[PDB]
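Residue numbers (the authors' numbering), protein chains in the order written: chain D, 10 to 430; chain E, 378 to 430; chain C, 55 to 108; chain f, 5 to 420, 445 to 480, 492 to 580; chain e, 533 to 580.
The beta carbon of each residue, even a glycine, is placed where N, CA and C say it ideally should be.
I have placed the structure first, in the form of structure tokens, so that the comments after it can refer back to it.
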Amino acid sequence: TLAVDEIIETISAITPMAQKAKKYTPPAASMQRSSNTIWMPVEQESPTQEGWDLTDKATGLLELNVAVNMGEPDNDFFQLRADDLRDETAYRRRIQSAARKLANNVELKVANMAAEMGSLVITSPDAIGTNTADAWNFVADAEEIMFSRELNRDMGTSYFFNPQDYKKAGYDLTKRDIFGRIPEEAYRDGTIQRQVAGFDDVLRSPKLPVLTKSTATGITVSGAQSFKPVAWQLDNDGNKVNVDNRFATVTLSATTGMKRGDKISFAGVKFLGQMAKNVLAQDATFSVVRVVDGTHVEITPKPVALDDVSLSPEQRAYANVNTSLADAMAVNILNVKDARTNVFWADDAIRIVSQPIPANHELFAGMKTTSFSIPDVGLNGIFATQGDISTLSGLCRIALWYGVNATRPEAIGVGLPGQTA
Amino acid sequence: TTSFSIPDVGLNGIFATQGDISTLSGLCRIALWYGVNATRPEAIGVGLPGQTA
Amino acid sequence: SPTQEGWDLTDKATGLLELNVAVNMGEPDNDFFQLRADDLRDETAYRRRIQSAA
Amino acid sequence: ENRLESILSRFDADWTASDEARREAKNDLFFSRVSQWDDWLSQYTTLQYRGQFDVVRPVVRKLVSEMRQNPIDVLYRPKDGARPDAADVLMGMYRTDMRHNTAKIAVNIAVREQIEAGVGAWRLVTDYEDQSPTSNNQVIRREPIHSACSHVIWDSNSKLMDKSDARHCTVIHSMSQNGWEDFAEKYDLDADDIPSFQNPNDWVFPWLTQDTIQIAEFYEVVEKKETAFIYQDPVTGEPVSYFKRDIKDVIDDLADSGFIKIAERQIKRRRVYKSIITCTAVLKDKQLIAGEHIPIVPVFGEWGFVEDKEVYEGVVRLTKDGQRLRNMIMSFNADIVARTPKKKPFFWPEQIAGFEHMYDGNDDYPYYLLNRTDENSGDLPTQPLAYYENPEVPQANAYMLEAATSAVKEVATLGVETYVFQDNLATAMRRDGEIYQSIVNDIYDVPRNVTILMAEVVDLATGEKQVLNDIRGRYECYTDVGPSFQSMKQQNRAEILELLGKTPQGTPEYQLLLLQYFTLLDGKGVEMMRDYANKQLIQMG
Amino acid sequence: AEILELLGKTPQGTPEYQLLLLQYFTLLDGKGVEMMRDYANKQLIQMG
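Here is the structure:
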């Protein structure tokens, strides 16, 4: 009846995205009084005129910013009955499993946030394993769209495949009827390569989401809308409240079938060169982050238009779209079929804000608290234990507080193979 | 519970703290237990001015 | 292990569940043979039978 | 960022870390000094016998007497390759300013608390004296710390027994109104603003007035590289003097006196800073004090770490369960003796009706008479007389009393002897010697011996203040432990006697005996013998 | 300690005198022990 002491090891998880994403811990008192949010400035872009006399043409200065906040603690509250053999045993294997589960949850939230707030969308009409070097073409498309927009890839880039498409890429490499070094490695091991098509890190992630198709159809922009970059705006009291730059709310005819995470593209708008403002040949892709009302959505890249007439030059310096929405633009939906997502990003686009839970404080007497270290990820939470003689059951809790933020959604991406029909 | 010295008046009280893990909350209680007695009210007095009808 | 989110978690604790698997043995694997005393004056077949049994 | 916030964060961390050990030590002190019947103000308490029958106190007294009979003091000895008398001046200064009653009393207090609770401590402080200064119109004295377990909070991240790796330490002072007035007077503080801090005591006894005013002294050690100035001594050689020790006072007085700077190096050393703190504000910020070490010397009994938690124990902690059981059982037996009916006969009232005056207790009668008949029952029923049973102590109570006393006697055996406790005291005295050497180098006038006489090279500033000039070749002696002495003459007498007791009767025996007569104290007869001994040694060359 | 250990096994002869003078030579310094050590040093030097 009683069991031996050898654990049948059954699962083994890996957390590559959470390991790779940077971690940020802002000061605790400042966050407490600041409501667990903190603003960071965005790199300044300057306008430029041409001419000799510039009377009354002096511009001003503008410096936009973004905000990073935190959500709710992820706990493993559990109970310990006094008179139980099953509870006396395994109450340490439970702690180990809690650590692994908490790290897994962190990685899952990172992957979901990246997939549902990635603006750059690469799509394909067929599966990866159909034509030759199609997986390389996918990774290269990601790299080329990041290069054309002149994004900041200074601190690294990364491409995450799902296991099925990783196997498709490996199959494409081995079926070559040749064996050099890349085919030999992709045949012996399953690994395609570590650097592919320009990215300096190409991994396979086991828990990328599935981006279910969007049933939205026949939606049009309702009224001309112009979005203007600001750093702050005045509220009802005259107080200047900061304005976030990575969101913009837009009114459409009817937002039916839309949800958080669908990828859209208005018909007519195009990407710019960001730094040089040279019009690209690639349609601007946006991602909806919230469906508010029945006629509003929130899209993460704010479409500052270059041809806008109401924009001051210091605002037009931040343009990222060639033209503005014009009351009839048909909005196309890019995810027209279910498919597990591949996710690419610049390595400094996702961060993990972290805060302590000061339960070691003297106010929390009676309960015993330790620092708890979740593995793989560099996160620390608390491990607390208490017990009420009323029910004669010790209560054990493990808490750890974090918030995943996408500071640059214009750098995060989503690869969508086989988006036909 | 620990001691907690009330200055100004030469008194001591109890500073007691408790914690709740089901909410991650805490309680603090500062309690002074005293009592004022007038042992010689025939010695205590009171002065009242402007006591006209 | 499971997990839950939030600050207030009153009456939301969980118990512990540890599972088991069973490992056992089965029928012994044998090799019998019977020989008379006169049949062990050579012993070569006896030794080779032992080897082949192994 | 606030200095107060950083100080209070450190103090809160250390106070929370050292909670269990402090509580047990306070309980052991109360158990072995006030009363073994704890829990004052238990709401559910009626009046019952609670007697204190003690067996741990004779053991504690025996151990304290044993430790007192074998004193231990510091003994500075010359290093390897140093001059053979490199420690005479420092030893003389230590014996000079550690011969007072205060140093002895501080060590005794620390030792007694080490025996009972598990930790004691004492302090070293520097004061200004004009009548009998040790050197440089200053003295170094040792002061007691009572209840060090609750009054000295050490830096948590210290894994050493003497706490030489502790980066900070806070000492809590509790004072009455007049004590606070004197404290504020001596530290030039505002006596009108009453201070407050964590109370390190507990209303555990019916003491009718308790203390109310608390301050803290926060010591921190900062190890950094600071600038040193290499000079050339006008007599000979090149000394090294710290820039901070003559930063403004004599930087040009050295040049006037004739010191030429040769170079300038950066040498790494430690400085000790003190702050006077209440729970609301910092009263003194970073007053720099003399020395490289925190001036508090701790003494431990049984010391260790269990799981990142420091635990110490004395001789009383283990005996408490047995002693409490024995007190409770003896109280129960005393109640048995007091409130229990005595052995008396059982009578029916009709059996003795009319003869009620024969059993009251007088001895006027030769027998006892009982009634025989009843009118309605013919005759009184016959039954053997019964007597109330005598009070008896239960076998359970007797067995438990014997077994609890036996357990206390078996567990209250420190050591086999106090060898380990004396060794921990010796460790503390070695740390004390280190701290004293550092403070001496900081403030006292240390002469340098030349082989070409002691040459004290010093100078005065324009404000008439004298700034000592101690070279960096200062750590010429290390610390050992030896018998306690009051003066260098006494130490020399002890050394000569020790040599004499081992030298056989020859020519060195004569030499040592004449030397002893030379070093002897003075009267008239000993004066005659000492004059004779000096003459004999001189005339023998 | 080494000189004392040797002294404890050498009988009372010329090596015993040499070891006693050596032990005096290796002593700490006060005033009287200074005199004794100087005497031992001079005796050892003179004895070649």
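By the criterion of Cβ-Cβ separation under 9 Å, what are the contact partners of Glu-534 (chain f) in chain e? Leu-559, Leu-560, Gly-562, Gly-564 and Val-565
At the level of alpha carbons, what is the spacing between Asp-292 (chain D) and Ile-16 (chain D)? 54 Å
Could you name each continuous alpha helix (DSSP H) segment of 4 residues or more that falls completely within the stretch 239-274 of chain D, going from the start of the chain to the end? none
Chain D beta carbons: is any one of them nearer than 7 Å to that of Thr-394 (chain E)? yes
Start-to-end residues for the alpha helix (DSSP H) that takes in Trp-184 (chain f): 181-190
Answer yes if the stretch 398-415 of chain E comes into contact with the stretch 195-202 of chain D, meaning at least three C-beta pairs across the two stretches below 8 Å, and no otherwise. no
The stretch 46-63 of chain f / the stretch 256-268 of chain f touching (three or more Cβ pairs under 8 Å): Output reads no: the stretch 256-268 of chain f does not touch the stretch 46-63 of chain f.
If we ignore side chains and look at the alpha-carbon of each, how far apart do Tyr-549 (chain e) and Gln-544 (chain f) end up? Between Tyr-549 (chain e) and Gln-544 (chain f), the C-alpha separation is close to 12 Å.
Would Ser-139 (chain f) and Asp-473 (chain f) be called neighbours here (beta carbons separated by less than 7 Å)? yes
Alpha carbon to alpha carbon, what distance is there between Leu-539 (chain f) and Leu-552 (chain f)? 7 Å
Any chain f beta carbon closer than 7 Å to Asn-389 (chain E): yes
Excluding five sequence neighbours on each side, which residues of the same chain lie with their C-beta closer than 8 Å to the C-beta of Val-345 (chain D)? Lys-222, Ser-223, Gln-428, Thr-429 and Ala-430
I need the boundaries of the beta strand (DSSP E) containing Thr-558 (chain f), first residue and last residue. Element bounds for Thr-558 (chain f): not the beta strand (DSSP E) but the alpha helix (DSSP H), 546-558.
Could you give the DSSP three-state label for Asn-531 (chain f): helix, strand or coil? helix
Quick one: give me the first and last residue of the alpha helix (DSSP H) that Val-341 (chain f) is part of. 324-342
Extract the residue ranges of the beta strand (DSSP E) inside the stretch 318-356 of chain D, only unbroken runs of 3 or more that lie entirely within it. List check, beta strand (DSSP E) in window: 340-342 and 352-355.
Who are the neighbours of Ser-399 (chain E) on chain D, taking C-beta pairs under 9 Å? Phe-86, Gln-395, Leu-404 and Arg-406
Give me the Cα-Cα distance between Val-77 (chain C) and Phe-208 (chain D), rounded to the nearest whole angstrom. 49 Å
For chain f, check one thing: does any of its Cβ atoms lie closer than 7 Å to the Cβ of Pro-418 (chain E)? no
Within the same chain, show all residues whose beta-carbon is closer than 7 Å to that of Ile-154 (chain D), passing over the 5 residues directly before and after it, in chain order. A distance below 7 Å between beta-carbons, with the five flanking residues on each side excluded, links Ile-154 (chain D) to the following residues of its chain, in chain order: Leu-129, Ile-131 and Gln-291.
Return helix, strand or coil for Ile-391 (chain D), following the three-state DSSP convention. Reduced to three states, the DSSP call for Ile-391 (chain D) is strand.
Once DSSP output is grouped into helix, strand and coil, what is the label at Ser-157 (chain D)? helix
So, for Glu-224 (chain f): in the same chain, excluding its five sequence neighbours on each side, which residues have a beta-carbon less than 7 Å away from its beta-carbon? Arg-171, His-172 and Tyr-277
Cα-Cα, which of f:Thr-284, f:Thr-231, f:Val-468 and f:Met-404 is closest to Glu-296 (chain f)? f:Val-468
Does the beta-carbon distance from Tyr-411 (chain D) to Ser-380 (chain D) come in below 7 Å? no
Reducing DSSP to helix, strand and coil, say where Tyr-196 (chain D) ends up. helix
Residues that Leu-554 (chain f) contacts on chain e, provided the C-beta gap is smaller than 8 Å: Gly-564, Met-567 and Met-568
Using beta carbons (cut-off 7 Å, strictly below), is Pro-88 (chain f) in contact with chain e? The beta-carbon of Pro-88 (chain f) is placed less than 7 Å from the nearest beta-carbon of chain e.
With contact counted as at least three CB pairs below 8 Å, one residue from each stretch, are the stretch 245-257 of chain D and the stretch 339-358 of chain D in contact? no
Neighbouring residues, chain C, relative to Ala-107 (chain D) (Cβ below 8 Å): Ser-55 and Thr-57
On the CB-based measure, 16 or more other CB atoms within 10 Å of its CB, does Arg-103 (chain C) come out buried or exposed? exposed
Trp-19 (chain f) by DSSP, collapsed to three states: which one? helix
Segment contact, 8 Å Cβ cut-off, at least three pairs: the stretch 22-36 of chain f with the stretch 308-320 of chain f: Yes, the stretch 22-36 of chain f is in contact with the stretch 308-320 of chain f.
Examine the Cβ distances between the stretch 291-309 of chain f and the stretch 6-22 of chain f and report whether three or more of them are shorter than 8 Å. no
For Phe-87 (chain D), the three-state DSSP class (helix, strand or coil): strand
Answer yes or no: does any C-beta atom of chain E fall closer than 7 Å to that of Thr-68 (chain C)? no
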